[PDB]
């Protein structure tokens, strides 16, 4: 049971710190419990800004599930860092939306592997 995305994640679909699970088109991700952490087999690049409206670029390989509700049953994911030794997830930097060209950050077929207990 390898979990693969079935929908593309576009940069214009990111909120400041998360995105909706539904975008990835994966029932396993949609039903994953709160706090589940996944490692991606493809990098998730996140443009950020340290100030002055300037864009810089970060890379993340891990997503943490935030359980949904009636309006958004599939919930959300935050990108960040999974420490496999200490078993900790740390949220990544906020996404900065400016004038970047539209991009598929994670394409269809991205493999997601649960890494927490």
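Residue numbers count along the first chain shown, from 1.
Checked against the record, the higher mean CA B factor of 84-92 and 71-79 lies with 84-92. Looking at mean Cα B-factors across 56-64 and 30-38, the upper value is held by 30-38.
In this PDB entry, residue 97 carries a Cα temperature factor that places it within the highest third of its chain's modelled residues. The PDB entry assigns residue 16 a C-alpha temperature factor belonging to the highest third of its chain's modelled residues.
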